[PDB]
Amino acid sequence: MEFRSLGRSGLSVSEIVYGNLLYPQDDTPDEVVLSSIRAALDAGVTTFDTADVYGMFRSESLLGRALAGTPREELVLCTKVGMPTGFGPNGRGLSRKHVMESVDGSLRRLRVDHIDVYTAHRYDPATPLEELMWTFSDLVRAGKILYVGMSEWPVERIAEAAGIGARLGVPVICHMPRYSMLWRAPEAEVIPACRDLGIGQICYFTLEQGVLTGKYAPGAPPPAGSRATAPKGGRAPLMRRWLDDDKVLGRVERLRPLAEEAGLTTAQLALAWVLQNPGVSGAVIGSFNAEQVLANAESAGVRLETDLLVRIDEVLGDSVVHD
């Protein structure tokens, strides 16, 4: 495994981060979840990404159990607060109340004294940033959290929060965008801004839910246990955008020669592609298959040639999404 700095900080994360998102009513057995996390550790993954809301507390509980026994110095636990976990209007968002009432349950379920990275899930316009950042100061002073992150935040608001955190001794070191070969919205403004502010990216949908594994053929029936066949949760439509486009699916199939050139699967090429941006500390991978994790983990530290990066842009052409 290769490691990077999360921003201007002393924290190193693995270049490959394991995420274990589950749906509130999910059919994936716990035994399959635990063996995937076990496969991530075997591949040298140190960094784990979860949320209170994932599985409605189940995702954090399973992770807590899988990692019990791993020495604490060897793990970076990233969790999130902001999505609804309680009934009523104080059971969500980034108020002092919701954050204070969230942290202790996250600690219990993960079986730890402190969370390495605590991420504000979504930006919440009701809470002033002075309220939020002082709430984070209190949790850092108490040693319940070490570092702060944000996911899906307007860039003006990232800068503001970084500013206040510098004043209050809150390390704001991490932003979580959607980033892949196909989705490059964050190249325009977010990564340039974040880099100046000492913030690194931990990136999600890096395989666009399997579309960048080359495993979906244009005009075909999708494979046996593929995500296309089992579309649980409101993320299935984000995938439908690409599966209902035989153009993209065919251009993704043409990357395979480029990958084999470099001695990679299409999956490893897509993961290595994200890792080529200096603004990126980590790529998150989803999988409940041990063999997929151990293989996806090997993208860590791979440099792609200037030549191969120019040919990738040519093949994908106008299917790429910018800003």
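From 1 onward, residues are counted along the sequence shown.
When the C-alpha B-factors of 73-81 and 235-243 are averaged, 235-243 comes out higher.
The PDB entry records a higher mean C-alpha B factor for 212-220 than for its counterpart among 212-220 and 188-196.
Going by the entry's values, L258 shows the largest Cα B-factor out of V274, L41, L258, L63.
As recorded in the PDB entry, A228 shows the highest C-alpha B-factor of the residues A228, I164, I145, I158. Ranked against the other modelled residues of its chain, the C-alpha B-factor of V13 as given in the entry falls in the lowest third. The entry lists a Cα temperature factor for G91 that places it in the lowest third of the chain's modelled residues. Residue-level temperature factors show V248 in the highest third of its chain, judged at the C-alpha atom. Per the deposited record, the Cα B-factor of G286 falls in the middle third when ranked against the other modelled residues of its chain. Annotation for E101: CA B-factor lies in the middle third of the chain's modelled residues.
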